[PDB]
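Student: Right, I'll just put the structure down here and ask away after.
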Amino acid sequence: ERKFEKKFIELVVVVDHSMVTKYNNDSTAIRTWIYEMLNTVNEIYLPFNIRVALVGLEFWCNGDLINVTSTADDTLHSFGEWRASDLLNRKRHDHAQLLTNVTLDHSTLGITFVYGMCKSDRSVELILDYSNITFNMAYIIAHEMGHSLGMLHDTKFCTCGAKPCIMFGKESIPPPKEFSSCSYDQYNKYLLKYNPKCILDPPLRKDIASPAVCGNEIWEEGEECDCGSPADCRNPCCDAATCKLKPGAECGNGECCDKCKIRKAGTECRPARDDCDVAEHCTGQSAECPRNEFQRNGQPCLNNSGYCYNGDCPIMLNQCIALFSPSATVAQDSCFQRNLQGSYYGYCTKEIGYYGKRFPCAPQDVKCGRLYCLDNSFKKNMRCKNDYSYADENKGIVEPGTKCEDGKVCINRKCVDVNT
Amino acid sequence: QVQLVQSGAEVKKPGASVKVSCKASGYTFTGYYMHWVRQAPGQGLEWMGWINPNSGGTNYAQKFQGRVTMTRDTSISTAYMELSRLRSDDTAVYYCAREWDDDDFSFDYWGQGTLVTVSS
Amino acid sequence: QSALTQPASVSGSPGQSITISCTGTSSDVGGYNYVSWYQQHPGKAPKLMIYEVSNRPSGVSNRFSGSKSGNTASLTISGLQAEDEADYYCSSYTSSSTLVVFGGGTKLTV
Ligand SMILES: [Ca+2]
Ligand SMILES: [Ca+2]
Ligand SMILES: [Ca+2]
């Protein structure tokens, strides 16, 4: 229905200790398997104009760092916490996925948090290697990653081509290859509402770990040009079948280069998209733009309403708008005192599981726990509504970097002074 | 569990003022509005305004706007209600009804009730 | 007394079922459908049975059910026992100076 603007997801795939032992430490076979399923995933997202470029692989070999359990929710929360604590601090990426051989309860094969694409604690994925063929594997890879983009399980009467679609959830005798018409609108609504700015920029060609393949609309290091399928390449400067530059041309795909010739040094190629998104200028001898950078974290943003944190300006008002309604507002200071109780919903940190010692928040840290938002649209009771569910507990907690008080922001669930 | 305990019964001649206290324990006192309910013997329940234990802001019913003043003590976790210029109609028992999580217009936990009587 | 109107008294038998009516104007009960019911034993503080017309807090028997029809909200009890010899009060949210108003109460004899 629409040609969506071209977005690149940076993915990191982690293999569990159970999975690596199934292949008897044959890392080459695992790498080939991952590359094949990711090629299939890139093939199936072609109509969405979304590319999944693998950035790095993590091998938990001869050890494990999280308590992987048969319960999907527990291990999913544990992996999400571990990811947001270690992987983002160690490796820049957009999405993370765990590959495990441990069977899960109720025969569940994959699970992930919806709408969590750019979220630190909530962009995480769990998949079980249940198939001997890569096609059925990429089926549920695509299903879960589509969940993470805000697309839900397919509702009746949304069948595509008289065949079950990818968002069906339940198994089908032939594995399908296309999303339903009731998914394009959901993706568009997610883009309009949650505004996932973290997947707009393409990754550097030098950072890609996946081997180069011609025709996937991704420019890897080993190839001089990559425009996509030969039947789609409208750029005269390259031919996809040859996968080489047209004679007389100096560029293929890119942002800094324009009009099929390298632009002069000092010309802007990555414009400022936000208050703390400082622009970058071309190096003058490369078609790729320099790595995206932002202003120092801690600068005021959005009319002094918040502080920037890694290129984003988080405020409790925007989170309330996202959670409940376009007219939501942060609740009164009285309701944030409920986090002192350590109740089943009000807490700061808790042990992994349905049960767990939910630690009560500190008296000054009450505003870094749950987020309470006033909304009189649904019902006038519960003046301080909150969103909480055992599947996606982290949703509804204030994002790191939000302004708890003047001169202080919530870092690691604690209201601490800015520019310490 | 949530527990509410109030002061002993008082006898006041007409024209005086009465101050009752309600002690809250087992929960964060500042997080929940503290309503007051007044019941004459043999009659129905009457409502009195709520006090916000965090900010101290108070609302009063139209029947009591000129009579009641409500005060809090966060460091002790007690609420106070003052009723001045008592009249013989004000023979009743008083409960410090609390709100709760799923509804703000309903009261789950009530104090044991203190009885105030006014006569010659 | 208060604005909400309830029947003066009602009686039943342990092997029977009963209904208690609560009524008010459009602003009192009919409009905002936030009615809740209370039960009070002699000498004890009132206890909450149902809220939001039909919703019911945990820790009480299933014999207490609530429903709304126009301006009138009704409470029905089936299988009377010794616990039901108490007073029942109706309360509703009002869009006026008074935030919430209670009922006149009724006496139930088993
Ligand atoms: Ca990115
Ligand atoms: Ca390529
Ligand atoms: Ca930039």
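How things are named: the first chain in the structure tokens is A, the next is B, and so on; residues count from 1 in each chain; ligands count from 1 in the order shown.
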Would you tabulate, counting only C-alpha atoms, all residues of chain A that have an atom at most 9 Å from an atom of chain B, showing the closest pair of atoms and their distance in Å to one decimal, sorted by chain then ascending number, as JSON lines?
Tutor:
{"residue": "A:333", "atom": "CA", "partner": "B:54", "partner_atom": "CA", "distance": 8.1}
{"residue": "A:334", "atom": "CA", "partner": "B:54", "partner_atom": "CA", "distance": 5.5}
{"residue": "A:335", "atom": "CA", "partner": "B:31", "partner_atom": "CA", "distance": 5.6}
{"residue": "A:336", "atom": "CA", "partner": "B:31", "partner_atom": "CA", "distance": 7.5}
{"residue": "A:337", "atom": "CA", "partner": "B:31", "partner_atom": "CA", "distance": 5.3}
{"residue": "A:338", "atom": "CA", "partner": "B:31", "partner_atom": "CA", "distance": 5.2}
{"residue": "A:339", "atom": "CA", "partner": "B:31", "partner_atom": "CA", "distance": 8.8}
{"residue": "A:340", "atom": "CA", "partner": "B:28", "partner_atom": "CA", "distance": 6.9}
{"residue": "A:341", "atom": "CA", "partner": "B:28", "partner_atom": "CA", "distance": 6.2}
{"residue": "A:381", "atom": "CA", "partner": "B:103", "partner_atom": "CA", "distance": 5.6}
{"residue": "A:382", "atom": "CA", "partner": "B:103", "partner_atom": "CA", "distance": 5.7}
{"residue": "A:383", "atom": "CA", "partner": "B:104", "partner_atom": "CA", "distance": 7.6}
Student: What are the residues of chain B that have an atom within 9 Å of an atom of chain C, counting only C-alpha atoms, as number ranges by chain?
Tutor: B: 43-49, 59-63, 95, 103, 105-113
Student: Please produce a file of those selected residues containing N, CA, C and O atoms, as a short mmCIF file (atom, residue, chain, number, x, y, z; two decimals), in the first residue's frame.
Tutor:
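Result file out19.cif:
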data_model
loop_
_atom_site.label_atom_id
_atom_site.label_comp_id
_atom_site.auth_asym_id
_atom_site.auth_seq_id
_atom_site.Cartn_x
_atom_site.Cartn_y
_atom_site.Cartn_z
N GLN B 43 -29.26 5.55 62.17
CA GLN B 43 -29.48 6.20 60.89
C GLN B 43 -28.50 5.67 59.84
O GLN B 43 -27.71 4.75 60.09
N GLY B 44 -28.57 6.25 58.65
CA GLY B 44 -27.69 5.88 57.57
C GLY B 44 -26.31 6.49 57.73
O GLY B 44 -25.99 7.19 58.70
N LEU B 45 -25.47 6.23 56.73
CA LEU B 45 -24.10 6.73 56.71
C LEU B 45 -24.05 8.09 56.05
O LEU B 45 -24.73 8.33 55.05
N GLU B 46 -23.25 8.99 56.62
CA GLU B 46 -23.00 10.30 56.05
C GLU B 46 -21.53 10.40 55.64
O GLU B 46 -20.65 9.85 56.29
N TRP B 47 -21.28 11.13 54.56
CA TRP B 47 -19.93 11.28 54.04
C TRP B 47 -19.33 12.61 54.47
O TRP B 47 -20.03 13.63 54.57
N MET B 48 -18.03 12.59 54.71
CA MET B 48 -17.26 13.80 54.99
C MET B 48 -16.04 13.79 54.09
O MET B 48 -15.62 12.74 53.59
N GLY B 49 -15.45 14.97 53.89
CA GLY B 49 -14.44 15.16 52.88
C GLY B 49 -13.16 14.38 53.14
O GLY B 49 -12.93 13.87 54.23
N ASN B 59 -10.80 18.42 50.61
CA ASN B 59 -12.11 18.75 50.07
C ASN B 59 -13.13 18.51 51.17
O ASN B 59 -12.93 17.67 52.05
N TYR B 60 -14.23 19.26 51.13
CA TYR B 60 -15.28 19.15 52.13
C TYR B 60 -16.63 19.02 51.46
O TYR B 60 -16.86 19.60 50.39
N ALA B 61 -17.52 18.26 52.08
CA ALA B 61 -18.89 18.15 51.60
C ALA B 61 -19.63 19.47 51.81
O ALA B 61 -19.27 20.27 52.68
N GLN B 62 -20.67 19.69 51.00
CA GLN B 62 -21.42 20.94 51.08
C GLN B 62 -22.05 21.14 52.45
O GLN B 62 -22.29 22.28 52.86
N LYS B 63 -22.33 20.05 53.17
CA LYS B 63 -22.95 20.16 54.49
C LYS B 63 -21.95 20.55 55.57
O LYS B 63 -22.36 20.95 56.66
N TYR B 95 -15.72 7.10 61.40
CA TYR B 95 -14.77 6.14 60.84
C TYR B 95 -13.83 6.86 59.89
O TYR B 95 -14.26 7.73 59.12
N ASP B 103 -10.15 1.18 43.15
CA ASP B 103 -11.25 2.13 43.13
C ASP B 103 -11.00 3.21 44.17
O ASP B 103 -10.60 2.91 45.30
N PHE B 105 -13.53 5.62 44.84
CA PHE B 105 -14.82 6.00 45.39
C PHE B 105 -15.42 4.90 46.27
O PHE B 105 -16.60 4.96 46.62
N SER B 106 -14.62 3.90 46.64
CA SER B 106 -15.05 2.84 47.54
C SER B 106 -13.99 2.65 48.61
O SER B 106 -12.80 2.86 48.38
N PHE B 107 -14.44 2.25 49.80
CA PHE B 107 -13.57 2.14 50.97
C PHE B 107 -13.52 0.68 51.41
O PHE B 107 -14.56 0.06 51.64
N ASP B 108 -12.31 0.14 51.53
CA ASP B 108 -12.15 -1.26 51.91
C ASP B 108 -11.85 -1.43 53.40
O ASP B 108 -12.44 -2.30 54.06
N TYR B 109 -10.96 -0.61 53.96
CA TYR B 109 -10.55 -0.72 55.35
C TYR B 109 -11.09 0.46 56.14
O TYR B 109 -10.93 1.62 55.74
N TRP B 110 -11.73 0.16 57.27
CA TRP B 110 -12.35 1.16 58.13
C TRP B 110 -11.80 1.02 59.54
O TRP B 110 -11.47 -0.08 59.98
N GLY B 111 -11.71 2.14 60.25
CA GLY B 111 -11.36 2.11 61.65
C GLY B 111 -12.48 1.54 62.50
O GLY B 111 -13.62 1.39 62.07
N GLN B 112 -12.13 1.21 63.74
CA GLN B 112 -13.12 0.64 64.66
C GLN B 112 -14.20 1.63 65.05
O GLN B 112 -15.25 1.21 65.54
N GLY B 113 -13.99 2.92 64.83
CA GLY B 113 -15.01 3.92 65.10
C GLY B 113 -14.96 4.50 66.49
O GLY B 113 -14.88 3.77 67.48
#
Student: Which residues come within 12 Å of residue A:21, counting only C-alpha atoms, excluding same-chain residues fewer than 2 positions away, as a ChimeraX atom specification?
Tutor: /A:15-19,23-27,29-30,59-64,100-102
Student: Give me, as number ranges by chain, the set of residues whose atoms come within 10 Å of any atom of ligand 3, counting only C-alpha atoms and all ligand atoms.
Tutor: A: 201, 268-274, 276-281, 289-295, 311
Student: Would you put the residues from that selection into a file with N, CA, C and O atoms, as a PDB file, in the first residue's frame?
Tutor:
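What landed in again.pdb:
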ATOM      1  N   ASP A 201      19.143   5.063  10.696  1.00  0.00           N
ATOM      2  CA  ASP A 201      20.477   5.170  10.118  1.00  0.00           C
ATOM      3  C   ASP A 201      21.014   3.790   9.743  1.00  0.00           C
ATOM      4  O   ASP A 201      20.860   2.834  10.508  1.00  0.00           O
ATOM      5  N   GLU A 268      27.277  18.865   4.292  1.00  0.00           N
ATOM      6  CA  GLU A 268      26.484  18.057   5.208  1.00  0.00           C
ATOM      7  C   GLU A 268      25.875  16.865   4.481  1.00  0.00           C
ATOM      8  O   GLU A 268      25.375  16.991   3.360  1.00  0.00           O
ATOM      9  N   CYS A 269      25.916  15.703   5.122  1.00  0.00           N
ATOM     10  CA  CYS A 269      25.214  14.562   4.545  1.00  0.00           C
ATOM     11  C   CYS A 269      24.191  13.970   5.503  1.00  0.00           C
ATOM     12  O   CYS A 269      23.173  13.439   5.054  1.00  0.00           O
ATOM     13  N   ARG A 270      24.437  14.050   6.809  1.00  0.00           N
ATOM     14  CA  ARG A 270      23.501  13.564   7.822  1.00  0.00           C
ATOM     15  C   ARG A 270      22.937  14.763   8.568  1.00  0.00           C
ATOM     16  O   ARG A 270      23.584  15.284   9.495  1.00  0.00           O
ATOM     17  N   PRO A 271      21.747  15.239   8.209  1.00  0.00           N
ATOM     18  CA  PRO A 271      21.219  16.458   8.827  1.00  0.00           C
ATOM     19  C   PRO A 271      20.749  16.218  10.253  1.00  0.00           C
ATOM     20  O   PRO A 271      20.499  15.089  10.681  1.00  0.00           O
ATOM     21  N   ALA A 272      20.633  17.317  10.993  1.00  0.00           N
ATOM     22  CA  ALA A 272      20.173  17.260  12.374  1.00  0.00           C
ATOM     23  C   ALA A 272      18.689  16.913  12.415  1.00  0.00           C
ATOM     24  O   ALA A 272      17.854  17.666  11.904  1.00  0.00           O
ATOM     25  N   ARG A 273      18.362  15.774  13.022  1.00  0.00           N
ATOM     26  CA  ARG A 273      16.976  15.340  13.136  1.00  0.00           C
ATOM     27  C   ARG A 273      16.335  15.725  14.462  1.00  0.00           C
ATOM     28  O   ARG A 273      15.106  15.666  14.577  1.00  0.00           O
ATOM     29  N   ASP A 274      17.129  16.114  15.456  1.00  0.00           N
ATOM     30  CA  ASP A 274      16.598  16.411  16.780  1.00  0.00           C
ATOM     31  C   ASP A 274      17.464  17.482  17.428  1.00  0.00           C
ATOM     32  O   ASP A 274      18.436  17.965  16.842  1.00  0.00           O
ATOM     33  N   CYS A 276      19.447  17.258  20.113  1.00  0.00           N
ATOM     34  CA  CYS A 276      20.776  16.766  20.453  1.00  0.00           C
ATOM     35  C   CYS A 276      21.397  15.905  19.362  1.00  0.00           C
ATOM     36  O   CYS A 276      22.443  15.292  19.598  1.00  0.00           O
ATOM     37  N   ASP A 277      20.790  15.845  18.179  1.00  0.00           N
ATOM     38  CA  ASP A 277      21.351  15.097  17.054  1.00  0.00           C
ATOM     39  C   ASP A 277      22.196  16.061  16.233  1.00  0.00           C
ATOM     40  O   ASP A 277      21.720  16.688  15.286  1.00  0.00           O
ATOM     41  N   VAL A 278      23.473  16.183  16.603  1.00  0.00           N
ATOM     42  CA  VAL A 278      24.369  17.076  15.879  1.00  0.00           C
ATOM     43  C   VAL A 278      24.650  16.509  14.493  1.00  0.00           C
ATOM     44  O   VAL A 278      24.802  15.294  14.311  1.00  0.00           O
ATOM     45  N   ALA A 279      24.689  17.394  13.500  1.00  0.00           N
ATOM     46  CA  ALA A 279      24.910  16.972  12.126  1.00  0.00           C
ATOM     47  C   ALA A 279      26.367  16.567  11.910  1.00  0.00           C
ATOM     48  O   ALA A 279      27.258  16.894  12.699  1.00  0.00           O
ATOM     49  N   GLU A 280      26.598  15.843  10.818  1.00  0.00           N
ATOM     50  CA  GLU A 280      27.926  15.377  10.449  1.00  0.00           C
ATOM     51  C   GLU A 280      28.228  15.786   9.015  1.00  0.00           C
ATOM     52  O   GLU A 280      27.320  15.947   8.194  1.00  0.00           O
ATOM     53  N   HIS A 281      29.515  15.948   8.720  1.00  0.00           N
ATOM     54  CA  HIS A 281      29.975  16.419   7.422  1.00  0.00           C
ATOM     55  C   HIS A 281      30.801  15.341   6.734  1.00  0.00           C
ATOM     56  O   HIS A 281      31.454  14.526   7.394  1.00  0.00           O
ATOM     57  N   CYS A 289      28.659   8.061   4.962  1.00  0.00           N
ATOM     58  CA  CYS A 289      28.706   9.160   5.907  1.00  0.00           C
ATOM     59  C   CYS A 289      29.470   8.720   7.155  1.00  0.00           C
ATOM     60  O   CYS A 289      29.571   7.524   7.439  1.00  0.00           O
ATOM     61  N   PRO A 290      30.022   9.661   7.915  1.00  0.00           N
ATOM     62  CA  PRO A 290      30.682   9.290   9.172  1.00  0.00           C
ATOM     63  C   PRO A 290      29.672   8.770  10.183  1.00  0.00           C
ATOM     64  O   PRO A 290      28.464   8.995  10.075  1.00  0.00           O
ATOM     65  N   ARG A 291      30.190   8.042  11.172  1.00  0.00           N
ATOM     66  CA  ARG A 291      29.336   7.404  12.167  1.00  0.00           C
ATOM     67  C   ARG A 291      28.474   8.437  12.878  1.00  0.00           C
ATOM     68  O   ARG A 291      28.944   9.517  13.245  1.00  0.00           O
ATOM     69  N   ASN A 292      27.201   8.098  13.066  1.00  0.00           N
ATOM     70  CA  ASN A 292      26.256   9.025  13.672  1.00  0.00           C
ATOM     71  C   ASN A 292      26.632   9.295  15.123  1.00  0.00           C
ATOM     72  O   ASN A 292      26.878   8.365  15.898  1.00  0.00           O
ATOM     73  N   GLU A 293      26.674  10.573  15.488  1.00  0.00           N
ATOM     74  CA  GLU A 293      27.007  10.994  16.838  1.00  0.00           C
ATOM     75  C   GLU A 293      25.995  12.027  17.310  1.00  0.00           C
ATOM     76  O   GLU A 293      25.284  12.643  16.511  1.00  0.00           O
ATOM     77  N   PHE A 294      25.939  12.209  18.625  1.00  0.00           N
ATOM     78  CA  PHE A 294      24.996  13.122  19.249  1.00  0.00           C
ATOM     79  C   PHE A 294      25.739  14.018  20.230  1.00  0.00           C
ATOM     80  O   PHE A 294      26.904  13.783  20.559  1.00  0.00           O
ATOM     81  N   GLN A 295      25.050  15.059  20.691  1.00  0.00           N
ATOM     82  CA  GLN A 295      25.635  15.949  21.683  1.00  0.00           C
ATOM     83  C   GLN A 295      25.805  15.220  23.011  1.00  0.00           C
ATOM     84  O   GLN A 295      25.237  14.147  23.234  1.00  0.00           O
ATOM     85  N   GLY A 311      21.344  10.523  22.503  1.00  0.00           N
ATOM     86  CA  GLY A 311      20.632  10.982  21.328  1.00  0.00           C
ATOM     87  C   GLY A 311      19.127  11.019  21.446  1.00  0.00           C
ATOM     88  O   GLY A 311      18.451  11.275  20.442  1.00  0.00           O
TER      89      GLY A 311
END
Student: Using backbone DSSP assignments, extract all alpha helix (DSSP H) residues from stretch 51-167 of chain A; output them as a ChimeraX atom specification.
Tutor: /A:72-82,88-90,134-148
Student: Write out as a PyMOL selection string each polymer residue whose atoms come within 7 Å of residue A:404, counting only C-alpha atoms; drop sequence neighbours fewer than 4 positions from it.
Tutor: chain A and resi 367-368+408-410+415
Student: Report, in Å to a single decimal, how far apart atom CA of residue C:18 and atom CA of residue C:75 are.
Tutor: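 One can read the atom CA of residue C:75 to atom CA of residue C:18 distance as 8.4 Å.
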Student: Based on the backbone DSSP call, show me all residues of stretch 1-107 of chain B assigned strand (DSSP E), as a PyMOL selection string.
Tutor: chain B and resi 3-6+10-11+18-25+34-39+45-51+68-73+78-83+92-95
Student: Pull C-alpha atoms from the residues just selected and write them as a PDB file, in the first residue's frame.
Tutor:
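This went into part_12.pdb:
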ATOM      1  CA  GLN B   3      -4.896  -1.599  60.316  1.00  0.00           C
ATOM      2  CA  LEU B   4      -6.662   1.576  61.447  1.00  0.00           C
ATOM      3  CA  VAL B   5      -7.063   2.517  65.116  1.00  0.00           C
ATOM      4  CA  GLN B   6      -8.819   5.602  66.483  1.00  0.00           C
ATOM      5  CA  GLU B  10     -15.546  11.641  73.876  1.00  0.00           C
ATOM      6  CA  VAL B  11     -18.405  13.540  75.518  1.00  0.00           C
ATOM      7  CA  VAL B  18     -13.988  17.829  68.941  1.00  0.00           C
ATOM      8  CA  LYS B  19     -10.758  16.481  67.437  1.00  0.00           C
ATOM      9  CA  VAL B  20     -10.358  12.793  66.587  1.00  0.00           C
ATOM     10  CA  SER B  21      -7.237  10.979  65.405  1.00  0.00           C
ATOM     11  CA  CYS B  22      -6.821   7.923  63.181  1.00  0.00           C
ATOM     12  CA  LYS B  23      -3.570   5.938  63.136  1.00  0.00           C
ATOM     13  CA  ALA B  24      -2.628   4.083  59.950  1.00  0.00           C
ATOM     14  CA  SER B  25      -0.198   1.167  59.803  1.00  0.00           C
ATOM     15  CA  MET B  34      -8.207   9.246  53.799  1.00  0.00           C
ATOM     16  CA  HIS B  35     -11.985   9.714  53.722  1.00  0.00           C
ATOM     17  CA  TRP B  36     -14.194  10.255  56.764  1.00  0.00           C
ATOM     18  CA  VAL B  37     -17.619   8.692  57.337  1.00  0.00           C
ATOM     19  CA  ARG B  38     -20.080   9.742  60.046  1.00  0.00           C
ATOM     20  CA  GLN B  39     -22.942   7.542  61.262  1.00  0.00           C
ATOM     21  CA  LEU B  45     -24.100   6.725  56.714  1.00  0.00           C
ATOM     22  CA  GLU B  46     -22.996  10.300  56.045  1.00  0.00           C
ATOM     23  CA  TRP B  47     -19.933  11.281  54.036  1.00  0.00           C
ATOM     24  CA  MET B  48     -17.260  13.797  54.989  1.00  0.00           C
ATOM     25  CA  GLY B  49     -14.441  15.158  52.878  1.00  0.00           C
ATOM     26  CA  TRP B  50     -11.090  13.547  52.147  1.00  0.00           C
ATOM     27  CA  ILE B  51      -7.588  14.676  53.108  1.00  0.00           C
ATOM     28  CA  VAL B  68     -14.583  20.817  59.478  1.00  0.00           C
ATOM     29  CA  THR B  69     -10.835  21.342  59.253  1.00  0.00           C
ATOM     30  CA  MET B  70      -8.553  18.399  58.519  1.00  0.00           C
ATOM     31  CA  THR B  71      -4.861  18.109  59.369  1.00  0.00           C
ATOM     32  CA  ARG B  72      -2.201  15.448  58.846  1.00  0.00           C
ATOM     33  CA  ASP B  73       1.012  14.290  60.529  1.00  0.00           C
ATOM     34  CA  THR B  78      -2.003   9.985  61.773  1.00  0.00           C
ATOM     35  CA  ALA B  79      -4.904  11.994  60.367  1.00  0.00           C
ATOM     36  CA  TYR B  80      -6.993  14.533  62.269  1.00  0.00           C
ATOM     37  CA  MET B  81     -10.513  15.875  61.795  1.00  0.00           C
ATOM     38  CA  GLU B  82     -11.830  18.862  63.752  1.00  0.00           C
ATOM     39  CA  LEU B  83     -15.531  19.695  64.104  1.00  0.00           C
ATOM     40  CA  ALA B  92     -22.653   9.957  65.834  1.00  0.00           C
ATOM     41  CA  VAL B  93     -19.756   7.533  65.387  1.00  0.00           C
ATOM     42  CA  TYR B  94     -16.835   8.412  63.109  1.00  0.00           C
ATOM     43  CA  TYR B  95     -14.772   6.140  60.842  1.00  0.00           C
TER      44      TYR B  95
END
Student: Set the cut-off to 7 Å, count only C-alpha atoms and all ligand atoms, and list whatever residues fall near ligand 1 as an mmCIF file with N, CA, C and O atoms, in the first residue's frame.
Tutor:
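The new file selection_37.cif reads:
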data_model
loop_
_atom_site.group_PDB
_atom_site.id
_atom_site.type_symbol
_atom_site.label_atom_id
_atom_site.label_comp_id
_atom_site.auth_asym_id
_atom_site.auth_seq_id
_atom_site.Cartn_x
_atom_site.Cartn_y
_atom_site.Cartn_z
ATOM 1 N N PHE A 8 17.202 0.127 8.504
ATOM 2 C CA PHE A 8 18.135 -0.972 8.751
ATOM 3 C C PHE A 8 18.123 -1.308 10.238
ATOM 4 O O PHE A 8 18.450 -0.458 11.074
ATOM 5 N N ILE A 9 17.748 -2.545 10.566
ATOM 6 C CA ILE A 9 17.853 -3.024 11.939
ATOM 7 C C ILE A 9 19.213 -3.678 12.142
ATOM 8 O O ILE A 9 19.633 -4.531 11.350
ATOM 9 N N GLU A 10 19.914 -3.275 13.199
ATOM 10 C CA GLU A 10 21.190 -3.874 13.569
ATOM 11 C C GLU A 10 20.938 -4.960 14.608
ATOM 12 O O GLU A 10 20.514 -4.665 15.730
ATOM 13 N N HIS A 93 24.097 -1.683 18.924
ATOM 14 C CA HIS A 93 23.169 -2.422 18.077
ATOM 15 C C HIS A 93 21.760 -1.931 18.372
ATOM 16 O O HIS A 93 21.547 -1.074 19.233
ATOM 17 N N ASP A 94 20.795 -2.483 17.639
ATOM 18 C CA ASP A 94 19.392 -2.119 17.806
ATOM 19 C C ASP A 94 18.548 -3.236 18.403
ATOM 20 O O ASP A 94 17.666 -2.964 19.224
ATOM 21 N N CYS A 198 15.856 4.954 16.205
ATOM 22 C CA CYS A 198 17.106 4.218 16.355
ATOM 23 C C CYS A 198 17.422 3.319 15.166
ATOM 24 O O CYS A 198 18.555 2.836 15.062
ATOM 25 N N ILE A 199 16.460 3.078 14.275
ATOM 26 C CA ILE A 199 16.666 2.190 13.136
ATOM 27 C C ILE A 199 16.667 2.943 11.810
ATOM 28 O O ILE A 199 16.646 2.316 10.747
ATOM 29 N N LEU A 200 16.700 4.277 11.843
ATOM 30 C CA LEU A 200 16.698 5.046 10.604
ATOM 31 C C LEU A 200 18.060 5.027 9.918
ATOM 32 O O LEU A 200 18.135 4.976 8.686
ATOM 33 N N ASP A 201 19.143 5.063 10.696
ATOM 34 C CA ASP A 201 20.477 5.170 10.118
ATOM 35 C C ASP A 201 21.014 3.790 9.743
ATOM 36 O O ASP A 201 20.860 2.834 10.508
ATOM 37 N N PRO A 202 21.644 3.660 8.573
ATOM 38 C CA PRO A 202 22.242 2.382 8.210
ATOM 39 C C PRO A 202 23.545 2.163 8.957
ATOM 40 O O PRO A 202 24.258 3.126 9.286
ATOM 41 N N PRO A 203 23.897 0.913 9.249
ATOM 42 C CA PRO A 203 25.194 0.646 9.877
ATOM 43 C C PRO A 203 26.329 0.759 8.873
ATOM 44 O O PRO A 203 26.132 0.649 7.660
#
Student: Around ligand 2, which protein and nucleic acid residues have at least one atom no more than 10 Å from it, if we count only C-alpha atoms and all ligand atoms? List them as a PyMOL selection string.
Tutor: chain A and resi 53+205+210-229+240+243
Student: Using only N, CA and C atoms, please write the residues we just selected to a file, as a compact mmCIF listing (two decimals), in the first residue's frame.
Tutor:
# COMPACT_ATOMS: atom_id res chain seq x y z
N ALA A 53 20.47 -6.45 9.06
CA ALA A 53 21.89 -6.67 8.86
C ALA A 53 22.51 -7.19 10.16
N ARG A 205 29.48 -0.16 6.61
CA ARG A 205 29.78 -1.37 5.85
C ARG A 205 30.89 -2.18 6.50
N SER A 210 28.03 -10.32 8.58
CA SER A 210 27.48 -11.26 7.62
C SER A 210 28.29 -11.21 6.32
N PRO A 211 28.55 -12.35 5.69
CA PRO A 211 29.25 -12.34 4.40
C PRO A 211 28.44 -11.62 3.33
N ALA A 212 29.15 -11.01 2.40
CA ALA A 212 28.50 -10.20 1.37
C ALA A 212 27.71 -11.08 0.40
N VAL A 213 26.51 -10.63 0.06
CA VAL A 213 25.68 -11.25 -0.96
C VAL A 213 25.09 -10.14 -1.83
N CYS A 214 25.11 -10.34 -3.14
CA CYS A 214 24.66 -9.31 -4.06
C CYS A 214 23.15 -9.41 -4.28
N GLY A 215 22.46 -8.28 -4.16
CA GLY A 215 21.04 -8.22 -4.42
C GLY A 215 20.13 -8.13 -3.21
N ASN A 216 20.68 -7.92 -2.01
CA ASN A 216 19.88 -7.79 -0.81
C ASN A 216 19.71 -6.35 -0.34
N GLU A 217 20.09 -5.37 -1.17
CA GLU A 217 19.98 -3.95 -0.86
C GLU A 217 20.77 -3.56 0.39
N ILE A 218 21.82 -4.31 0.72
CA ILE A 218 22.72 -3.99 1.81
C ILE A 218 24.13 -3.93 1.25
N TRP A 219 24.85 -2.85 1.57
CA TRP A 219 26.20 -2.65 1.03
C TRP A 219 27.21 -3.18 2.04
N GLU A 220 27.72 -4.39 1.79
CA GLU A 220 28.76 -4.95 2.63
C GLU A 220 30.14 -4.46 2.18
N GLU A 221 31.16 -4.81 2.96
CA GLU A 221 32.50 -4.29 2.73
C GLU A 221 33.10 -4.83 1.43
N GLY A 222 32.86 -6.10 1.12
CA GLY A 222 33.54 -6.75 0.01
C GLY A 222 33.05 -6.39 -1.37
N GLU A 223 31.95 -5.65 -1.48
CA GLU A 223 31.36 -5.30 -2.77
C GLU A 223 31.39 -3.79 -2.96
N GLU A 224 31.64 -3.37 -4.20
CA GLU A 224 31.74 -1.96 -4.53
C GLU A 224 30.39 -1.30 -4.79
N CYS A 225 29.35 -2.08 -5.07
CA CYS A 225 28.02 -1.53 -5.28
C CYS A 225 26.99 -2.62 -5.03
N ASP A 226 25.82 -2.21 -4.53
CA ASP A 226 24.75 -3.15 -4.24
C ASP A 226 23.43 -2.38 -4.29
N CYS A 227 22.68 -2.55 -5.37
CA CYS A 227 21.42 -1.85 -5.57
C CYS A 227 20.19 -2.72 -5.34
N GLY A 228 20.36 -4.02 -5.17
CA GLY A 228 19.25 -4.92 -4.96
C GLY A 228 19.06 -5.89 -6.10
N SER A 229 17.81 -6.31 -6.28
CA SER A 229 17.50 -7.27 -7.33
C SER A 229 17.67 -6.62 -8.71
N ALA A 240 22.87 -4.89 -11.23
CA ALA A 240 22.85 -5.86 -10.14
C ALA A 240 23.39 -7.22 -10.57
N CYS A 243 26.76 -6.74 -10.47
CA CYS A 243 27.04 -6.28 -9.11
C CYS A 243 28.32 -5.44 -9.07
